[PDB]
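A short worksheet on the structure shown next.
Residue numbers start from 1 in every chain, and the chains themselves are labelled A, B, ... in the order their sequence lines are given, proteins ahead of strands.
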Amino acid sequence: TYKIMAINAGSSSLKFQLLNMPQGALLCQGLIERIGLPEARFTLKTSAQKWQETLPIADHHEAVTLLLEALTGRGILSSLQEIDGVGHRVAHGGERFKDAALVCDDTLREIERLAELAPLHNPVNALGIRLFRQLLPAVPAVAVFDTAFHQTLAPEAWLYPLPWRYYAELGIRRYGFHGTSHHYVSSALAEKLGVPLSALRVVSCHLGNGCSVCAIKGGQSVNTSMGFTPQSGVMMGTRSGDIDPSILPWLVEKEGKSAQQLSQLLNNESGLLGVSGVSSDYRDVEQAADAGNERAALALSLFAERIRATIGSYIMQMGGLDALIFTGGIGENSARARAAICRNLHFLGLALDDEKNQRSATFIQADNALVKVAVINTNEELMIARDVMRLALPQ
Amino acid sequence: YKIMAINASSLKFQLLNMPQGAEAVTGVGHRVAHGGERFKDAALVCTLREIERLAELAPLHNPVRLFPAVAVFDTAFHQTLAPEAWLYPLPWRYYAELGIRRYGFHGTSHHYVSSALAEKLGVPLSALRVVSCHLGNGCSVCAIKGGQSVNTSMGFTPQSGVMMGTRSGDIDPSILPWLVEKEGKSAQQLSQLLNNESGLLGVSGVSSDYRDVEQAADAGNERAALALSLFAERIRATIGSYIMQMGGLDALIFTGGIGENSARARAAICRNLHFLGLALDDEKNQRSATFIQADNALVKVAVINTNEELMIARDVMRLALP
Ligand SMILES: Nc1ncnc2c1ncn2[C@@H]1O[C@H](COP(=O)(O)OP(=O)(O)NP(=O)(O)O)[C@@H](O)[C@H]1O
Ligand SMILES: Nc1ncnc2c1ncn2[C@@H]1O[C@H](COP(=O)(O)OP(=O)(O)NP(=O)(O)O)[C@@H](O)[C@H]1O
């Protein structure tokens, strides 16, 4: 048994999980938020207890110190030397990183190098790596990149139809994200079916606050809906996904919107929130819709249609479909969303069993369906801990 | 019996005897680029100053009286789209206050070729689930179910959807703010990027013309080869969306300068579609026969020459000489 810590550092936050491996049992989890701001709060939960404290937390350096002190001060660990490894979520690995990587000092520089491509995320992700190496010098660390799973896309899937130099010189191409999630659920599906992933054509829908769809054929990602950044693809909580690109120059001429305002339009005011006028939260929009808000109902319907259109593209590209996976906050819990997405797919041999779908059973396809339809809880931290075991503790 | 079809730094004309269909101009039917939301069909002209009110949305084409007449709108066929197909997931007010939504174009072409397909098969068009591919310098796909357009790939303007001669089609919208921030692009520079510099031209760096790109790829140019693959993938991804939406497919139509003539393009688009019952017959595809599916195929695949002028004439004949 090994004790592996999975870390996810944000602009103002620090999420962590401590796992018992290789079984994957959750020892503790928690969140430090509002770092460097007032209302800074530290929440820490075990299997059995919860602790919560509002207190000043200056920077991420102070956030990490409080985490480590609490692990022993709450009796979770007898000592910090019991930690066998740390995995860190990194937003963007560009083309450099095709897999999770052992953290030496010029994987950190490489991650810093890519900062240009994930400005709000990669710098702080690297800061986390730095702090833990400083405060946990003897513990090996692994970086797990949200883009790495998608590096098997072929050129005709990642090249945008712009002038060649926009890729050759500026790096503009599809990257895709949620890589760690799509990887985790597709491998989990294969173990539940008792067949290897290489035998199945799989479409994976990660539907949360951010949403993306991924086509997995022969064990490899061959397409995915997010692109150059996590804004694009299907409709999301506050992100519009794909729209007519010519709308943007129109809006600049018309409303004088800056680049920062265009990006805020696309990332923070669109999606469920922008269409419903109600909320970014699926449950809130659905509640409003059943009370007769027609914009809210339209929002939910458009949400399902955008996902259907993307699934349809990927089934075409693979030449058929053997399994469809739902995951994320919406995909795991909304029988209604899943039903709307899966309706009228007899041309694929795909239909749902209503009773199974209503209780979110693992498999929800109908008795005579040719396509397996799975509801799988995603567990990205578990997937990170397994990357730590694989690359830092190879025995 | 004597119908003229007008399309106006140009002025193209055509006069046909119906119904067999056999200043600068020193019944008639007039091509109009954008009909917005108020024209669901061709319209006897009288309409003219609401046409010009729509110049806001088609400034380069609509404004361009000199000449019974009927206006035919390239957007009109697509006004049967439901809101899930035309509403972008932007803040509501961008549709409700500024009219931003999908309109779609090539409506006359898609309408003409889909009706021609049904006539050749001897069934009502509403009996079929059809995907229509207008592939020329401009490119677009249209899904016709129950005899009505239910989706189409061009959006707010003819710039978007699939990859074309010089137009990019759809791309990650986040690229644009990034290009402004990192290269200071102006709103008009963005437009000519998306409209004039991309597509087959931009990727290949050889030509906007499919044939030119084709020749350069067979001589070993690798950007050219990649441009032709991407071109095909964009169309396939869109066809796949519309098959999903319609719940299946009865027929696939190819038209326009590329679709009517390029066996290569059609073969690459139809590759590995046995899960649909769609496969091509090499011999028929090679000579662009009217039907090119294999004889075991369940999906019909047709090559139909689009005839927008003759479709326009049938519209004035219907609404001006009933
Ligand atoms: N029982 C439920 N029924 C419907 N929607 C739910 C339910 N539980 C949660 N959600 C929605 O799921 C979404 C939350 O997704 P979640 O996967 O938890 O996002 P996240 O953890 O912030 N990161 P990400 O998944 O990448 O967006 C929100 O829209 C919630 O309203
Ligand atoms: N025999 C051919 N083989 C392949 N491509 C062809 C052939 N003949 C014409 N083309 C293509 O036809 C394209 C333009 O087709 P065409 O339908 O005439 O466009 P258009 O007349 O300008 N109007 P539009 O339909 O909007 O594109 C050119 O880019 C050529 O690549």
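- Between the CE atom of B:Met154 and the OG atom of A:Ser246 there is a distance of 10.5 Å, given to the nearest 0.5 Å.
- Taken from CD in B:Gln245 to CZ in A:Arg308, the straight-line distance is 8.0 Å, to the nearest 0.5 Å.
- Here B:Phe156 contributes atom CZ and A:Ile243 contributes atom CD1; the two are 10.5 Å apart, rounded to the nearest 0.5 Å.
- Among B:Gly199, B:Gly247, B:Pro173, B:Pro83, the residue with the largest count of heavy-atom pairs under 4.5 Å with chain A is B:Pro173.
- Proximity to chain A involves both the backbone and the side chain of B:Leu87, based on heavy atoms less than 4.5 angstrom apart.
- Residues A:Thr229 and B:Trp178 fail the side-chain proximity criterion, which asks for heavy atoms closer than 4.5 Å.
- Of all heavy-atom pairs spanning A:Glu255 and B:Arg93, the tightest one is OE2-NH1, 2.8 Å.
- Of the two parts of B:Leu90, the backbone and the side chain both hold a non-hydrogen atom closer than 4.5 Å to a non-hydrogen atom of chain A.
- B:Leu276 touches chain A through its side chain: at least one heavy atom from C-beta onward sits under 4.5 Å away, while N, CA, C and O do not.
- Across A:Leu251, A:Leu302, A:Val252, A:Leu170, the residue that shares the most heavy-atom pairs under 4.5 angstrom with chain B is A:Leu302.
- Contact count against chain A (heavy-atom pairs under 4.5 Å) is highest for B:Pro89 among B:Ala82, B:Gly240, B:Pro91, B:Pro89.
- A:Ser232 places no side-chain N or O within donor-acceptor distance of the main-chain N or O of B:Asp172, the cut-off being under 3.5 Å.
- Comparing B:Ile175, B:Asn151, B:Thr238, B:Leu226 by how many heavy-atom pairs each has under 4.5 Å with chain A, the most go to B:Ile175.
- When each of A:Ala299, A:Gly320, A:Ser276 is scored by its heavy-atom pairs under 4.5 Å with chain B, the top score falls to A:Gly320.
- Within the 4.5 angstrom heavy-atom criterion, only side-chain atoms of A:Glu305, from C-beta onward, approach chain B.
- Note on residues 185-199 of chain B: pairs passing side chain to side chain donor-acceptor pair (under 3.5 Å), not counting sequence neighbours, are B:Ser186-B:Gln189.
- Heavy-atom pairs under 4.5 Å with chain B peak, among A:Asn344, A:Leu321, A:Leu265, A:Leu272, at A:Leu265.
- Of the listed residues (A:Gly277, A:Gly274, A:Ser313), the one with the most heavy-atom contacts under 4.5 Å to chain B is A:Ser313.
- When each of B:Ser229, B:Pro177, B:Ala187 is scored by its heavy-atom pairs under 4.5 Å with chain A, the top score falls to B:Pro177.
- The choice from A:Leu248, A:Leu273, A:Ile311, A:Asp242 that makes the most heavy-atom pairs within less than 4.5 Å of chain B is A:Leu248.
- Heavy atoms closer than 4.5 Å to chain A are found in the side chain of B:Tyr94, but not in its backbone.
- Only the side chain of A:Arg295 comes within contact range of chain B, with heavy atoms under 4.5 Å apart.
- Nearest approach of B:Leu273 to A:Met316, heavy atoms of both residues: CD1-CE, 3.6 Å.
- The part of B:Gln159 that comes within reach of chain A is its side chain, from C-beta onward, which places non-hydrogen atoms under 4.5 angstrom from that chain.
- For B:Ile243, the parts lying near chain A are the backbone and the side chain together; criterion is any non-hydrogen pair under 4.5 Å.
- Here A:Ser240 is the residue among A:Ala304, A:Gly241, A:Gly349, A:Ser240 with the most heavy-atom pairs under 4.5 Å with chain B.
- Looking only at side-chain heavy atoms (C-beta outward), B:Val203 and A:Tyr160 stay at 4.5 Å or farther from each other.
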